[PDB]
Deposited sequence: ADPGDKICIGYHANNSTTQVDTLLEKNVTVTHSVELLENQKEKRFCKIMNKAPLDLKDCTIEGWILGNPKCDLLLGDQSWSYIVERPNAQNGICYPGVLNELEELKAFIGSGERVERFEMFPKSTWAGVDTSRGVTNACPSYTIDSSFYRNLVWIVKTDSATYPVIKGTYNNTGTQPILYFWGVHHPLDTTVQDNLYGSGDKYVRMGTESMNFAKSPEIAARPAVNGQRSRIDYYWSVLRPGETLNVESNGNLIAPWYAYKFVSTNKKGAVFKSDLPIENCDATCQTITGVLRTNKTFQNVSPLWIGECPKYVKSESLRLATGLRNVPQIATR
């Protein structure tokens, strides 16, 4: 007799999903929600190139190490790429104070504008020309210094007089600047370089105060130096003013950055290439419509949520039970 039957769809699909009740259930249609695939390169984000620090670290770039001259000047970045093996950083041994906080502030940025904050003329009756060192060669000159600092020394006759400088931040933009205090190994170097007696470096703005004096002792040789430098950084707010006063040991600010302020610093070996990305992770570009990714937690741009998940496949179709054909 005549038959009417009620039934459901089947197909050749072998794709499976898991269930709380059951695992490896083959279903007619399904959607994978997670992306496990990436291009292993750095690309432009918002059609803006990343900044490759190359053989320089952040310290090396921003303090102006002489072997980092390729970096010198204005820079605009979607993000910063710091090569892990970069060997040009702090050439003259010492500590860059609040280094992590500086690295975070530079990361918050998108642009820097390099300008001469204190011309060498500012400091009077002291020697501008001399401050150089074998610990900081460029690729051409065996003895050089940071581009953004001046190692001031007493003039050929004694004595090192009080030196003063001021800068007023007329501008819209915050200024990021650096300075140092020289700690000689010896009373001999101290006296040679600077006139006698107690020495100080003092600096101030409306919100900030700084005072330090040299600590004289020999430290283990680093790049041929038993002496040290204490490096410091600060941000001069728009409408703020900076006063610098010293009688000895000042490694002066010379050049500074007008700073324009989410950003990332990626420490990676991956190549920057002539490509665009909308999602960039530390291990590579994601070019996907997926909801979830298992590539990396660290990224820039619009990226899917990171999870440890291998797959996240949602059944949309029903259980696939196609007819066996022999």
If a residue lacks a C-alpha atom here, it counts as unmodelled; so which stretches of the deposited sequence fall into that category? 1 to 3, 265 to 267, 333
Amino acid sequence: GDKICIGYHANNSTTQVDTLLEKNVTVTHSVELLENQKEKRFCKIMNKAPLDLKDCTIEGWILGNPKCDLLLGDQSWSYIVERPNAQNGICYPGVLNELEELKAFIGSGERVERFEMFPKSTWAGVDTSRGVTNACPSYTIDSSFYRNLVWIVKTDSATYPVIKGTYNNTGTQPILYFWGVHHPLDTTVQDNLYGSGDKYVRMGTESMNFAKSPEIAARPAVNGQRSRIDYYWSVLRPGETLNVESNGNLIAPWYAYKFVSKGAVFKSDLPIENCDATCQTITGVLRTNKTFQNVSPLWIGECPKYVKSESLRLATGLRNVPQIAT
From here on, numbers count along this sequence of modelled residues.
Taking the deposited Cα B-factors and averaging over 250 to 258 and over 155 to 163, the higher mean is found in 155 to 163
Which of the two stretches, 125 to 133 or 91 to 99, shows the higher mean Cα temperature factor in the record? 125 to 133
In terms of recorded Cα temperature factor, pick the maximum from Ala104, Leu185, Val150, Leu236. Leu185
Have a look at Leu298, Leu33, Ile58, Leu70 and flag the one whose Cα has the highest B-factor in the entry. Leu70
Looking at the entry's B-factor column for C-alpha atoms only, identify whether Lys48 ranks in the lowest, middle or highest third of its chain. highest
Could you say whether, by C-alpha temperature factor, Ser13 belongs to the lowest, middle or highest third of its chain? highest
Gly263 by Cα B-factor - lowest, middle or highest third of the modelled chain: highest
Classify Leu193 as lowest, middle or highest third according to the C-alpha B-factor given in the PDB entry, relative to its own chain. highest
When the deposited Cα B-factors of this chain's modelled residues are ordered and cut into thirds, is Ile175 in the lowest, the middle or the highest one? lowest
